[PDB]
Amino acid sequence: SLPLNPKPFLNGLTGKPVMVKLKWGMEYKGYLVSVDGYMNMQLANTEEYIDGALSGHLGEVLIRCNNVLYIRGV
Amino acid sequence: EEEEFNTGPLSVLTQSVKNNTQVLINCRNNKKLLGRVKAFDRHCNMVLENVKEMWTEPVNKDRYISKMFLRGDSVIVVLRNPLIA
Amino acid sequence: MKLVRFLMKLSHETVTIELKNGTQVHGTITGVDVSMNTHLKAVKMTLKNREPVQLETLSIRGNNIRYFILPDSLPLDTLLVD
Amino acid sequence: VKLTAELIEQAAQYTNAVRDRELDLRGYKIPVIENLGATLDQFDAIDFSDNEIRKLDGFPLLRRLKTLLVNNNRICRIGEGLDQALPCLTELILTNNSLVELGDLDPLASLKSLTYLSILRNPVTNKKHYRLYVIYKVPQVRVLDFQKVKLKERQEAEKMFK
Amino acid sequence: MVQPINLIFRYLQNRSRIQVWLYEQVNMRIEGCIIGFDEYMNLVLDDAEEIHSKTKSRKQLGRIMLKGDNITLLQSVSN
Amino acid sequence: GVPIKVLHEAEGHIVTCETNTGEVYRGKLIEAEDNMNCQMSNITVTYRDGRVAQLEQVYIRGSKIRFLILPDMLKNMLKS
Amino acid sequence: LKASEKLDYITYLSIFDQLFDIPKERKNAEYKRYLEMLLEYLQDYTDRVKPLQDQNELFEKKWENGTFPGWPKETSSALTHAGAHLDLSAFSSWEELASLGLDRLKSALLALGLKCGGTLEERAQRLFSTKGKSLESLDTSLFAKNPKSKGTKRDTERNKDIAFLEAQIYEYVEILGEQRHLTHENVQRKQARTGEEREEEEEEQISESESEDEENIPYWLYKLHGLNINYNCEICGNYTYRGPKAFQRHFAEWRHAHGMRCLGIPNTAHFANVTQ
Amino acid sequence: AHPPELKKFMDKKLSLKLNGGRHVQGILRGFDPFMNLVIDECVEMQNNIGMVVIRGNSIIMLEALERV
Amino acid sequence: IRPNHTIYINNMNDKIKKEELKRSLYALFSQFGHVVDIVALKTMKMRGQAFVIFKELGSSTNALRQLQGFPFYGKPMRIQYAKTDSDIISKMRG
Amino acid sequence: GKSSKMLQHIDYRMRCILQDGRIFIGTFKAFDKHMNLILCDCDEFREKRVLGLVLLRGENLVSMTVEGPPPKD
RNA sequence: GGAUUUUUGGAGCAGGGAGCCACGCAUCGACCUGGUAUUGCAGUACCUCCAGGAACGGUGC
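Protein chains in written order, with the authors' numbering: chain m, 2 to 75; chain k, 20 to 76, 89 to 116; chain j, 1 to 82; chain o, 2 to 163; chain l, 14 to 92; chain h, 4 to 79, 82 to 85; chain w, 152 to 210, 218 to 374, 392 to 451; chain n, 4 to 48, 54 to 76; chain p, 3 to 96; chain i, 4 to 49, 63 to 89.
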């Protein structure tokens, strides 16, 4: 696309199912409620996938920005 | 700024302080702190009440801490739930 | 709001602090500054996997703190007022 | 022209061609090796070529010294406690000196890391069995006089002198 | 002189497929086509992949935003 | 910072530097920046295994320095 | 002729490199520092300089009424440092006495006095052990058969240096009783001073310390004047001039007239305004 | 917002020690105030990777393979 | 080929590892004067060869005459004055 | 308020603990915003090593206690 | 005054077993024996090839 930046991409993905990988290898799937300037992230109906396998169903979750490796829409 | 605390991802903390509800904090130390948020800030420093700290050593362990201050860098994840209920 | 301000009020309290490197510190706060650099007296400090050592004074770089365990008595609602 | 602290302090200091820190003590007409304390153990190599030293002795404890170039001096004897002051001595170049008897080379057996040894242009060189004698008495040497110590020579030196 | 940010701007324009070296993790690297990026070197990658150097295995990701925290190094790949 | 001024004072002197990874670099400090970025020359490096090497020219980022040893020639900023 | 009492033999001998200012060449011994370290040792502040000196006075008391438990680490370390200080101070303040003689005397007293009965004997509790065990003993018999036991072997093998250092602190402090008293006095005095008093006293100690041992342009002006401003003369070597007054002086010069006259343009005052 | 003093090293061949025990070699083509680098003809220590960006964050040490 | 600060050596046993070759070369040639630097590569083109650079020119000439055909690691070395001036010499001169 | 908490210990001998767990003991002569420290006559314990005049970066500092009083010199 | 050089963290976690001695997996590197090619004037990740040897070294789990 004509330049698609970090910020708009993430904003487009609000209201959507996402999965976030953390640096530590945990993964969290849920609906992205919001993100902020520092790229802290809020998920609803979160699920946890560790070793790529469903571990725990967690609900509403804040992820501190420094933990994030990458975010994927899914 | 208050708006960003109110509606942004930190609203999780803002909501927990207002409703005096419990939250589980997954923590860098591989420990989890389960309790109520008395105060919080940008960095996710917190003043916590009725904290149940849980961890593992395999053997699970826990311990009660009535009053404590958490430096926010140690935060991995903060969870709000039907936990308080 | 700025919670370091709250910690700066805790001079002359005795606390237990857990460090990022696992070390445990019990002593009486002489001063917390804006960087959360914390200074104590009458300190019993137990590095992970040692028996305690006692120090008359100890000064901690703020960033190395994991968390403070506060006195049960502490009147938080007072201290949270500005 | 005594080898003095003052002498060492004004001496050319540089990184040599084989990437080691070397101190230049060439052509000063030094007669006796002394006062090395002042180098502060900061050199990998020390060049003592073209001087008048008689005995390879007098060194302080120098843990970093790995190369000693001692060309064109008058070395006729080697000190006995060399490994105690130079534990990692790996290369010793003694070309064109005065070692005359095979037995005078005996003190080099105590230098455990000594791997490169050069004794060319010394009278001792023409003594019968000079090469085999060095190989058996200083087995830690891998290259002697710029020639590889080979297995066959080791065995041959094991027969003679066994 | 070429400035590093500009190189990226070039990668962006070219739609060259990019391989990223991550911080303190050698066994995995990330790949994708830079669509956009920001002042923090946070990248939006398209049709992205996790590359396991040990397992010779690839994990398919699609639309990725990688935080710049992890960036050690940026290289281009012909594929 | 006061330590920074004292570092700049050591420019032109032989100094020792340990990195965050414990490699030890000794040689002449050519330039020291405000952020502790260090240009040096005619280095001896001593790795974590103990082995040494020799380098002509190096530059180390300030953040990735654990510490520096400076001459004692400087010790004699006593005001502070 | 007559300025320095020191002989050529010891011309670079300086006492100030041996004595600090607070010691006044043996008049006092500076124990404030050790009061600091001590505060660090007791992990509190209930202890004043004077109460600390009161503690030092202990040095049977230092053995049976110890400030801290004699098996405490911080304490034993402190005691070591302090002991060392007192000893060096002692020999420092009395150069003329044979140091080795004194050392050996003390060492022999240490070895010989202890062995039979701990040198410390009580009509009630019997014989005390110095440093290593810290226990009494009914009779000399059980005392002797205790000096071979695994316990005493362990202790005498671990706490030897400390015990010996303690002992030295003891005997050296005894030999310096006059200096100890002198200093304690000083402390009380300075303490009872005012501000001005304490200041003047310090002045005195200082003077005693550092006294001979034997008495007998601008830009705002060059811009105003018009100089250091870039300018060039073309006829002279495309030369540069830094001021307009100076270039106006170039018009009458040797080389400028040489360029004119040798150029074929004759000298003096018609050509003054020349550039190219 | 200072620059790193690297003009001296411009267009020279260099040896780069990176975190993770990683080492690469190449020619300095440019830099910014964060010490992010552009390195040309880069080689992973050996396989040729071409012109690359190294984030200054992960730069431990550099060594010139030339004389400056 | 006029006398030169740098000597070109060929006919060297190419089985010696590069760093060992250079260190023995340095050792051997130190007897005639300070060796400023040694250039030796193992490429197909350059294998079995080395350029030895000396501070003094008299040192280079002495080395050339005295070590012509010296057995080094088994082979007789062939020495000659280099065709061109060494980069290091040119920089040290101007 | 006072800023003294560091300035008090200045000139004193100080025991400093590093992030890897080393012990640096030297004379505390200067500090700054980052807690970069200047340590005179400094030794390292883990194995005692004499270092001398040391500048330590604050990033890698954990903590400090008073080890002994100032040397008079 | 939490976004690369310091203070809001890339950290976290994993070693005993067998009879003083010895050790799983993956990647890279010289490296050591034989034999074999190459005779070439340069500024260097590294450097012939063929067969055999590794009770070699470094990093990660």
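Ideal placement from N, C-alpha and C gives every residue a C-beta, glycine not left out.
With 16 as the cutoff for other CB atoms within 10 Å, does residue i come out buried or exposed?
{"i": "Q73(l)", "result": "exposed"}
{"i": "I40(p)", "result": "buried"}
{"i": "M80(i)", "result": "buried"}
{"i": "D146(o)", "result": "buried"}
{"i": "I28(i)", "result": "buried"}
{"i": "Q68(p)", "result": "exposed"}
{"i": "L10(i)", "result": "exposed"}
{"i": "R338(w)", "result": "buried"}
{"i": "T16(o)", "result": "buried"}
{"i": "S155(w)", "result": "exposed"}
{"i": "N12(m)", "result": "exposed"}
{"i": "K420(w)", "result": "exposed"}
{"i": "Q346(w)", "result": "exposed"}
{"i": "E62(l)", "result": "buried"}
{"i": "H445(w)", "result": "exposed"}
{"i": "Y196(w)", "result": "exposed"}
Can you check which of these residues, the options, is closest to residue i by C-alpha distance?
{"i": "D35(n)", "options": "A72(n), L73(n), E8(n), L70(n)", "result": "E8(n)"}
{"i": "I115(k)", "options": "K37(k), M65(k), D104(k), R102(k)", "result": "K37(k)"}
{"i": "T24(h)", "options": "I67(n), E74(n), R75(n)", "result": "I67(n)"}
{"i": "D37(m)", "options": "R65(m), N6(m), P18(m), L5(m)", "result": "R65(m)"}
{"i": "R25(p)", "options": "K138(o), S119(o), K153(o), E157(o)", "result": "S119(o)"}
{"i": "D37(h)", "options": "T49(h), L10(h), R29(h), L83(h)", "result": "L10(h)"}
{"i": "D105(o)", "options": "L87(o), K138(o), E92(o)", "result": "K138(o)"}
{"i": "residue 213(w)", "options": "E253(w), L270(w), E324(w), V200(w)", "result": "Missing here is residue 213(w); chain w as given proceeds from 210 to 218 without the residues in between."}
{"i": "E14(h)", "options": "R51(h), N40(h), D52(h), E26(h)", "result": "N40(h)"}
{"i": "residue 383(w)", "options": "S265(w), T310(w), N179(w), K264(w)", "result": "Absent here is residue 383(w), because the residues of chain w run from 374 on to 392 with nothing modelled in between."}
With H, G and I counted as helix, E and B as strand and the rest as coil, what does DSSP make of residue i?
{"i": "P17(l)", "result": "helix"}
{"i": "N55(l)", "result": "coil"}
{"i": "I9(o)", "result": "helix"}
{"i": "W74(k)", "result": "strand"}
{"i": "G335(w)", "result": "helix"}
{"i": "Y328(w)", "result": "helix"}
{"i": "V34(j)", "result": "coil"}
{"i": "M82(h)", "result": "coil"}
{"i": "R29(h)", "result": "strand"}
{"i": "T86(p)", "result": "coil"}
{"i": "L76(j)", "result": "helix"}
{"i": "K129(o)", "result": "coil"}
How big is the Cα-Cα spacing for residue i and residue j?
{"i": "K36(i)", "j": "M69(n)", "result": "25 Å"}
{"i": "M8(j)", "j": "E61(m)", "result": "33 Å"}
{"i": "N73(o)", "j": "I94(o)", "result": "10 Å"}
{"i": "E187(w)", "j": "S234(w)", "result": "16 Å"}
{"i": "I30(n)", "j": "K16(n)", "result": "4 Å"}
{"i": "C77(o)", "j": "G60(p)", "result": "28 Å"}
{"i": "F22(l)", "j": "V33(l)", "result": "15 Å"}
{"i": "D159(w)", "j": "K153(w)", "result": "13 Å"}
{"i": "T96(o)", "j": "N123(o)", "result": "7 Å"}
{"i": "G53(m)", "j": "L63(m)", "result": "20 Å"}
{"i": "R22(o)", "j": "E21(h)", "result": "19 Å"}
Members of the segment 47–73 of chain h near chain o, C-beta cut-off 8 Å | For the segment 47–73 of chain h, residues whose beta-carbon sits nearer than 8 Å to a beta-carbon of chain o comprise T47, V55, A56, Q57, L58, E59.
Chain-ordered residues of the segment 19–47 of chain h with a beta carbon less than 7 Å from chain o | So the close ones are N45, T47.
Taking only beta carbons into account, state which residues of the segment 18–48 of chain j come closer than 9 Å to chain i, listed in chain order.
-> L19, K20, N21, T23, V25, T30, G31, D33, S35, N37, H39, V43, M45, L47
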